Amino acid sequence: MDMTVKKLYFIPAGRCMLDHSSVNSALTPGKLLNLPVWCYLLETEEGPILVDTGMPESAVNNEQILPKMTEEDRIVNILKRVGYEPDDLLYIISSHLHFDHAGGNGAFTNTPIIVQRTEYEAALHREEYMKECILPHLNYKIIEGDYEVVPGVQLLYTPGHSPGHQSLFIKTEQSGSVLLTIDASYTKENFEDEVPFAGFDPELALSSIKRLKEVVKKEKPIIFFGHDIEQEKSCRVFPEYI
Ligand SMILES: [Zn+2]
Ligand SMILES: [Zn+2]
């Protein structure tokens with residue numbers, strides 16, 4: 001039997017202000033949304049695993065897209081609070097390399113950073129990628145498609161929102177099956193109702209959602225969305241875990 005993840009921690013990593021048309025492509029632009037930024041910490045048998053690394057420190061007190069980030073929201077300060085130094089981490093998982101998911105990746109210079117090849121290669125070329133998110137000499141562990149990280153921790157390839165976006169399917173000891181969509185769906189309605197949202201390839205984003213729905217049919221997991229203001233406040237967050 002595969003081990004489950006001992007603890008899954010949801011960690012607030014600051015916020016990001018966007019036009020409301022980013023959670024619903026049909027909306028008349030002109031209203032602001034203040035979205036939560038997340039990272040996740042997985043305690044496993046072989047060691048702690050961090051999923052995403054917050055915003056780049058150039059966003060600290062430095063707000064189309066307006067980062068709302070304090071010093072406390074820097075990944076190493078998050079790491080201090082959880083009780084680890086970067087080198088304690090078994091793996092870093094980058095769901096993708098957008099600035100609000102990979103901006104702290106430079107803090108981890110020894111830990112393998114799991115990233116999809118299509119994401120990594122896009123970040124080497126596409127304009128939307130900040131250098132903080134694609135530093136050249138980190139220990140990248142480049143994968144393609146679905147991948148088991150450690151027993152209990154699986155990566156589901158869900159491109160569309162970005163060229164190589166990936167989501168997480170986790171089994172925890174306390175909660176059983178958990179799906180973290182990350183940016184494969186910002187909100188429940190992006191997923192449930194297939195309300196269109198911001199992305200590199202919306203058509204591919206839809207098929208990724210359709211694939212996740214096949215997984216949900218079979219596994220019936222609890223699902224946590226990437227930037228969901230409605231779901232946010234009833235999540236148990238660090239120091240609590242699920
Ligand atoms: Zn994104
Ligand atoms: Zn995001």
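Index from 1, following the sequence. As the structure lists them, so they are numbered: ligands from 1, and atoms in each ligand from 1. Any value given below was found using the heavy atoms of this structure, including those in side chains, with hydrogens, waters and symmetry copies removed.
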- [ ] Assert yes or no for the condition that the ring centre distance of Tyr157 to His165 is strictly below 6.0 Å.
- [x] no
Task: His98 N/O/S atom closer than 2.8 Å to the Zn ion (ligand 2) - done: no
Open item on the list: If I consider every N, O or S atom in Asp183, which one ends up closest to the Zn ion (ligand 2)? I only need its name.
Closed with: OD2
Open item on the list: Please determine whether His161 has a backbone or side-chain N, O or S atom lying under 2.8 Å from the Zn ion (ligand 1).
Closed with: yes
TODO: With the Zn ion (ligand 1) as the reference point, give the N/O/S atom of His96 that is nearest.
DONE: NE2
TODO: Check all N, O or S atoms of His101 and name the one closest to the Zn ion (ligand 2).
DONE: NE2
TODO: State the CZ-CD distance between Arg15 and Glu232, to the nearest 0.5 angstrom.
DONE: 4.0 Å
- [ ] Determine the sole option in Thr181, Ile242, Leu8 for which the side chain to side chain contact (heavy atoms under 4.5 Å, CB included) test with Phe224 is passed.
- [x] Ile242
Task: Aromatic ring proximity, centroids under 6.0 angstrom, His227 and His101 - done: yes
- [ ] Check step by step if side chain to side chain contact (heavy atoms under 4.5 Å, CB included) holds for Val150 and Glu45.
- [x] CA-CA 9 Å; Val150 289; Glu45 187 188 36; over 6 Å; no
Open item on the list: Please give the atom name: the N, O or S atom of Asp100 nearest to the Zn ion (ligand 2).
Closed with: OD2
